[PDB]
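Methodologically, a virtual Cβ is constructed for each residue, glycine included, from the backbone with ideal geometry; neighbour enumeration extends over all protein chains shown. Any read-out appearing in this document is the output of simple, stated calculations on the displayed coordinates, not a laboratory observation.
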Amino acid sequence: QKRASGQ
Amino acid sequence: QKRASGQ
Amino acid sequence: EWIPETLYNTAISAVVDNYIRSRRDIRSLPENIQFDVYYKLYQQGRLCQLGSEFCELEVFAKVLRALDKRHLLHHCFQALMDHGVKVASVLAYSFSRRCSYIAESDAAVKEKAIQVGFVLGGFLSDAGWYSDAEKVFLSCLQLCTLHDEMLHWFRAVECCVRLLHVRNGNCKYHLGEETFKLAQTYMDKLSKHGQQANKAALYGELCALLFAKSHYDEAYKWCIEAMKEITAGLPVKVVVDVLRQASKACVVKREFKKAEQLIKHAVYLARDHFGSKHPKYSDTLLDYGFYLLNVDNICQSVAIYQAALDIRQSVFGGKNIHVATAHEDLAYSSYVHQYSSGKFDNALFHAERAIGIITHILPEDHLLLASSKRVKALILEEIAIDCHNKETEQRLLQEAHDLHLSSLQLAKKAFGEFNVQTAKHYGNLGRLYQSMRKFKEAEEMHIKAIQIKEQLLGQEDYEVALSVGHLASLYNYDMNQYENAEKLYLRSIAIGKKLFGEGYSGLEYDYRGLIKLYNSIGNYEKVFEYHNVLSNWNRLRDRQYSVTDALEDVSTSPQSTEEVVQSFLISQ
Amino acid sequence: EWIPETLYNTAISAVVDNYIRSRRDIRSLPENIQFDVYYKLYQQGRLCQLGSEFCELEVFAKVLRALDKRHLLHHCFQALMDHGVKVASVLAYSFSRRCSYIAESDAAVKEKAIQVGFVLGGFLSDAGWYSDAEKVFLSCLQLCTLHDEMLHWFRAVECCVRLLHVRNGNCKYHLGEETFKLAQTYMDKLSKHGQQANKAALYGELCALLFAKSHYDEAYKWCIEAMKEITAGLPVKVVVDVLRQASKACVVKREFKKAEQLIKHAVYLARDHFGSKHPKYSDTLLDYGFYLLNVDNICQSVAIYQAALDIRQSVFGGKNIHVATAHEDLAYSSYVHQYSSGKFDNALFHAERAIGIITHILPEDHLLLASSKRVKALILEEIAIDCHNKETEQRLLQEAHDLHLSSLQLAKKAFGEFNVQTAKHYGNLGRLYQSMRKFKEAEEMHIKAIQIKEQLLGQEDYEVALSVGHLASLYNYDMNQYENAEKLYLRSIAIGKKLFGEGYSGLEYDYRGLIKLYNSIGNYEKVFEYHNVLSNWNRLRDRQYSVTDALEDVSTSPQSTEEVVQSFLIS
Amino acid sequence: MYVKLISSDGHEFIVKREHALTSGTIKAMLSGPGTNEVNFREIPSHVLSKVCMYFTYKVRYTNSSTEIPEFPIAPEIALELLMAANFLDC
Amino acid sequence: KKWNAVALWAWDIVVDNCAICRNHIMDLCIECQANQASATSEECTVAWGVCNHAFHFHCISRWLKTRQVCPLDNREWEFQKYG
Amino acid sequence: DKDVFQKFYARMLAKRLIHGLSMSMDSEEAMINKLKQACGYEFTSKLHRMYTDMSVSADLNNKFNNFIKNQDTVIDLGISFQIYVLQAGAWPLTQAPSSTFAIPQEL
Amino acid sequence: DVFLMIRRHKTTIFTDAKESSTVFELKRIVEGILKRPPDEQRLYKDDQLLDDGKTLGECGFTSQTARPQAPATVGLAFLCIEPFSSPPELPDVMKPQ
Ligand SMILES: [Zn+2]
Ligand SMILES: [Zn+2]
Ligand SMILES: [Zn+2]
Ligand SMILES: [Zn+2]
């Protein structure tokens, strides 16, 4: 987990 | 494959 | 470009919109109008208002006589049965109640109730609701047999030839033989009184009864009496029924040349008379693909089941038993076709559909579910071995373990332990054990089927050669007994060229079964021999394989029905 | 205790058991009795005996006047739609045909049928059948256009405020603007002739239409204009309708101090009147959870969609778009909440449910089907990473690739190239290309994503910063362009604490990325410079984590009407 | 060029011949022995008026560029008009 | 004795929509429209089938990566006429 | 409203290009390229596809003329002619071709 | 375009006419089949005579209310316009009985 929450 | 067509 | 709506089709929308104030006055409309009003209730989605107006026999029988638009009626009727309403059962109970109320009346009045039974029974059997079309015919045979005169015996055999069809199609084979025994009584009464009726429909339907029970020898010998009874006065409906069922018996007794001229004339006869999207023409194509599946034209057979599923999916909706058997035949044909390619995604969907339908309209303990449960597991076994996961490999074959177990148990209940249909379940189950790590009992399942299939057919039939090639492949790869495996490939190879020729598609699975059987046995010169003939098998397959649409192959047969039936009897 | 049944509940079960004989005479019963007979048919499960009567418009006019038992009608109506019979499309067409016949009548019969249309079209719109409610209103609209006096102009604007609402749940935005322009034609004509109409409900719809098309700059302009016309004489249903849409435009405006007072007043105003079971209350919770998810209050945002879904799962039956919309947002909220954990099995069930419903009731090319399709794809790509099976990793990640592109096409067809929603799919597709090992392709998607959002939203905005962090992780973790990523991480850091402070829980993927940023370019002194801030983030997050649930945060009577409006308007 | 369309109750509904050719039965009534009067002893006048109203509605609106409005068929007349539509094959 | 004319060429399909991506058949597929409308544009071929359902080549390739059947008609997919 | 400008420009670029009326081929390219970076990348797609069709028309007509010269049998067209190929989905010249035609034997 | 029916006693004239046309030319249409002098024939819409000078649009026969499906009516006299018939009064169902 590296891209934060998906928009 | 190894086996023939099923029946 | 935006044509005005017809006055009739605009008054239909106005009458349907006033359904509450005219639902008891629409039944006084003409017969052709009444169907078109009740059709607009289906088109508008008012299934619930329609379901209460097709559960009534007094008004459904007026709809049934509108035989111009019967292809629309099968869509409305099927759209109700999966909707939730039991139109088939209620129409069966409503007609049986009428028969008991009218049995004591005059036989002349009883004849009118017989005619409605033929129309309603002939419809419910066409829609694949034999379990509810049986009670319509049973209450019709019982009604007609109360008074025994020369006029009633004509309808009594007709009430029984249809009862044979609706009992054979529902896998009531045990009751079918008893039903034919009742037929033998009424023909004798008609024969002994200086009258003769055509038994082609009755004898041909009995052939399907014996064909289902795997009595191919008894089925084929019954074609001859069926075939010789064909005359010019028989309806095309009957003639296609005789030819279609005679073709299935001919192709199972390895008589492909005689089977070809029959089913290729049955398809033309259905297309010439019964339109091109009639359910009967779909029935002929579903058994024309059966012929082409058994004569090594698999690449063309699946293109005909798709031309027989797409007809049964436009006349009947989903959740029908006719679209279920059309799914189960294409799900198997695509399974054979994509055996080498490993593209069973289509053949799985067409097998889940047949499973998801029969489990919804038929009870669990029904034989029609057995023939669809085996196919789904057949696709399910090659999906596992294609996958590279241990967790999916175990559960998929375990599901295929239960499906064959369910199919074997369901088939043994009605057929018995000594029928080919139950024998074929062992052969498929044995091939599953070849990848289930159950090799010790894998050969037992094969050899149990092998001695059954030889017992019933013989040593020179194509059915046993399929499991013989499978049994010897078990020895080559798992049992490591190369001594008793090479003796079975030669039996399979010799019968392959004897029956089909050098272009048999199963010849790869034992030629390559010999390129490794002889690889680890020591012989190396004969390895080059079967390596050469495999290339020879490839080199003749290139010219032999001609992909021609078999639908247009049968376009216009230059022979009529009289020539084909005489040509079949001349050969036999 | 074995209490005997009331004679009413016994005579109900005795006329329902004799329904076939008494169907003719039941339709003559009073409205309170007649609905209880029909609801008993639903209780007995005899839907065929019931849908045969709801398909008639006149009976569905009688059972629509039972306002006390409307919550039972929605569950009885939704059961019919899933049962088969298209009782919504039949009623809408049967009304339009009957409405088209009284065009040549007086103003008494016409007003009788217009009021039938406003409670029928007000019911289909309430039950979610927007494509079928519009056909009712479009017939009610053409009744008001026949007479061109001051009396009927107030109903033509009463249809157009509702037509603007059924054309947003149906995602027909390009007809919505023409509806609003037609409303002003019937508004200016009425307003000029000595009768000013309340332009408050109508501007509230534009606060959701222009919000839907990502016109947040235009949404806030009509957000202010909507609340300037709020009057105490307005119905509570209208007032709560403006507040929830005003909150959604304010939250996306990234100003949260004014946003909370609008929606927390809306939840209270939709709970004291409508109660904790009316669908409008759950509708307010759905927009309330929109506020919670954008203010990083994710912990209790799931609990407010689950409350919103559970209300709709009880009133609106099984397969309804309103249930599906709640399934969509709950799946997204569970996606965001459990992103760190990595377990998506409840979230996948909700996202799969929202597609199993919408695909059944909507065409394949519907915009609302696209937004519900991206949520499953976001969940699938995370399962396609967490799972250790390479075969499963590739195929599931490919399935999420077809969903974004299908979702992007539907958004790109109606919202155009230059919109936030179109760019939101670029960023989601950019994150997917990162997981698909297509780092070259993942570069150009985020660049197109940021450039569209930066051009529209502005240089500094919360949505832009969250998109930059997607690109920053690309340049840092798998493309090794640490110099380019150095400015991107810092860009999101300033915006992230601009509206949330250092305790923003999304900064965990921003601070940790900075640690890996400096791990491969030397300068280990700054590694510890960001290492304590991560502990500072840990301290500043868990301490404020302990907070009461948002359901009781509004409590009972927190503020008063015509006070939150004045407080918000002056700011 | 005009067709004398009488009713059951002796009510005449004359209309242009090209308008009366929409229905296939009237076209068959004009053919053979006897652009003159035709017996209509079964269809009443109140429903034959709507048929004649449809005649000018059908011909005028053929290949129309705009959307054709619904032909109004009143609920009290719908059932009787429908049989008239089938009998006339209009 | 001298002439000049235009030619509004189009693909032989009359369905006019790529059933996987819903874009117009003549326009670039949704995959080409996503990243670059000119660099990948020149190879946005259409592929026919035995069922005669022409689709975008990138779209049909994406479809064949996951499933193995034609989208419109559920038959098997075999290319014949890459355009 | 830039969308209605693109439709209005396309309905005029198409009439400008096919008639041979142009200041230079690069000048129309520069105008098309400027809109690509100014308004949007996908904004100038049909407009850009309106170009690069006449650009390959000269290349194609060279191939077309070479095709008949390399024909096995001797086939003479007679009336010399060249063709611009146009995409159906890009040019706005489709209109409503509801009128048929039968060209005589001269071509 | 204006569609009308002309009813004197029971004859009915389903003939179209332009909205800008005058009554005079429509009177010539009636004599085409009724074979009667046009001066004797006079028309009475809602029991009110129509002047020949005024056009069709000035008598309230607007093309927007003279659709082919529901054409407007106009009387005629050389009034005794008898009704066609009484359609069967369908029950209202919801009325008590
Ligand atoms: Zn029902
Ligand atoms: Zn495509
Ligand atoms: Zn492409
Ligand atoms: Zn296809």
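Laid out as a table, the results:
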| read-out | value |
| --- | --- |
| Three-way shape call for the range C:399-498 based on the alpha-carbon gyration tensor, with the a/c threshold at 1.5 | oblate |
| Per-peptide average of other Cβ atoms within 10 Å, ordering C:359-365, D:181-187 highest first | D:181-187, C:359-365 |
| Residue-averaged [θ]222 nm for chain F, counting only DSSP H segments that reach four residues, each worth -39500 (n - 2.57) | -5000 deg cm²/dmol |
| Cα gyration tensor, the range E:17-87 - rounded (a/c under 1.5), prolate or oblate | oblate |
| Residue-averaged beta-carbon neighbours from other chains (10 angstrom radius) around D:43-52 | 4 |
| 26 Å Cα-Cα threshold exceeded, pairs from D:189/D:248; D:376/D:412; D:181/D:237; C:69/C:376; C:62/C:199; D:280/D:343 | D:189/D:248; C:69/C:376; C:62/C:199; D:280/D:343 |
| Reach of residue E:58 by Cα under 16 Å, taken over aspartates and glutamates that are not fewer than 8 positions away in the same chain | C:1, C:5, E:18, E:67, E:70, E:89, H:1, H:16 |
| Shielding of C:466-479 by partner chains, average beta-carbon count, 10 Å | 2 |
| Label-point separation, residue D:352 to residue D:555 (7 Å along Cα→Cβ), nm | 4.4 |
| Among beta bridges that DSSP assigns inside the range H:1-93, antiparallel share in %, nearest 5 | 65 |
| DSSP-defined beta bridges in the protein assembly as shown - what % are antiparallel, rounded to 5 | 50 |
| Using a Förster distance of 25 Å, the FRET efficiency for residue D:24-residue C:151 (Cβ separation, nearest 0.05) | 0.05 |
| Separation in nanometres of the label points that stand 7 Å from Cα toward Cβ, at residue C:189 and residue C:314 | 4.5 |
| Highest average packing first - D:506-517, D:436-447, Cβ atoms within 10 Å | D:506-517, D:436-447 |
| Compactness of chain D, expressed as Rg and Dmax over alpha-carbon positions, Å | 26.3, 90 |
| Within 10 Å of each Cβ in D:87-95, the average number of Cβ atoms from other chains | 3 |
| Share of pairwise Cα separations in the range G:6-107, more than 16 Å, in percent | 67 |
| Spatial separation of Cα centroids for the range C:337-365 and the range G:74-107, in angstrom | 52 |
| Average projection area in nm² (convex hull over Cα atoms of the range H:1-93, one quarter of hull surface) | 7.1 |
| C-alpha long axis of helix D:439-456 to longest principal axis of chain D, angle in ° | 60 |
| Value at 222 nm in deg cm²/dmol, rounded to 500, when DSSP H runs of n ≥ 4 in chain D each add -39,500 (n - 2.57) | -24000 deg cm²/dmol |
| FRET E, pair residue H:28, residue H:90, Förster distance 60 Å, beta-carbon r, rounded to 0.05 | 0.90 |
| Placed amide H near residue F:7: partners under 5 Å, 5+ positions off or other chain | G:84, G:86 |
| For the range F:73-78, 3J(HN,Hα) per residue [Karplus equation, 6.51 cos²θ - 1.76 cosθ + 1.60, θ = phi - 60°, Hz, x = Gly/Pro] | 9, 7, 5, 7, 10, 9 |
| For the range D:98-175 versus the range E:1-65, the gap between their alpha-carbon centres in whole angstrom | 38 |
| Label-point gap, in nm, between residue H:77 and residue D:482 - each point 7 angstrom along Cα→Cβ | 10.8 |
| Amide H within-cut-off set for residue G:81, under 5 Å, with H built and near neighbours excluded | F:3 |
| Karplus-derived 3J(HN,Hα), 6.51/-1.76/1.60, for each residue of the range D:483-494, Hz, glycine and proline x | 5, 5, 6, 5, 6, 6, 4, 5, 5, 6, 5, 5 |
| Amide H partners (placed H, <5 Å) of residue H:22, local residues excluded | H:56 |
| For the range D:230-240, 3J(HN,Hα) per residue [Karplus equation, 6.51 cos²θ - 1.76 cosθ + 1.60, θ = phi - 60°, Hz, x = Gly/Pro] | 6, 10, 4, x, 6, x, 5, 4, 5, 5, 5 |
| The range C:145-298 shape via C-alpha gyration tensor axes, a/c threshold 1.5 | prolate |
| C-alpha center-to-center spacing [the range D:34-61, the range G:45-61] in angstrom | 65 |
| Rg/Rh for the protein assembly as shown, where both radii come from Cα atoms and Rh is the Kirkwood radius | 0.99 |
